[PDB]
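Only one structure is covered here, and it is reproduced in the block below.
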């Protein structure tokens with residue numbers, strides 16, 4: 119989420135999760151886009167039907 | 001009135017015939033493979049056609 123910083127100032131705020139076997143769920147301190155290693159996640163649904171919000175504004 | 005008689009015994013067996021026939025497959029399979037299949041749901045029209053015959057009043 120954090121913005122693209124300039125120069126050697128951030129060093130890790132945007133770098134991709136590097137792995138040699140990406141088909142296992144990443145560790146608890148890796149980077150998720152929506153969710154986490156622990157059961158901290160988002161409920162199942164679709165970007166088509168509205169439950170609250172819909173379309174692009176949804177999760 | 002002298003007579004000579006021969007007797008036959010008639011035994012009527014009124015069995016309670018109830019007959020429910022069907023014109024569909026025994027197995028009705030719902031295979032939810034698509035997302036719209038989940039969201040809109042699955043509907044199968046005319047899966048079973050019941051034809052009824054009965055000697056007695058039936059429910």
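Residue numbers (the authors' numbering), protein chains in the order written: chain A, 119 to 177; chain E, 1 to 59.
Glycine included, C-beta positions come from ideal geometry on N, C-alpha and C.
Asked, Found
"Candidates A/168, A/147 and A/174: closest to residue 136 of chain A by CA position", "A/147"
"Same chain, Cβ closer than 6 Å to residue 19 of chain E, neighbours up to 5 away in sequence not counted", "53"
"Euclidean distance between Cα positions of residue 130 of chain A and residue 160 of chain A", "25 Å"
"DSSP bridge partner residues for residue 57 of chain E (one or two, in chain order)", "Beta-bridge pairing links residue 57 of chain E to no other residue."
"Same chain, Cβ closer than 8 Å to residue 127 of chain A, five either side skipped, listed in chain order", "none"
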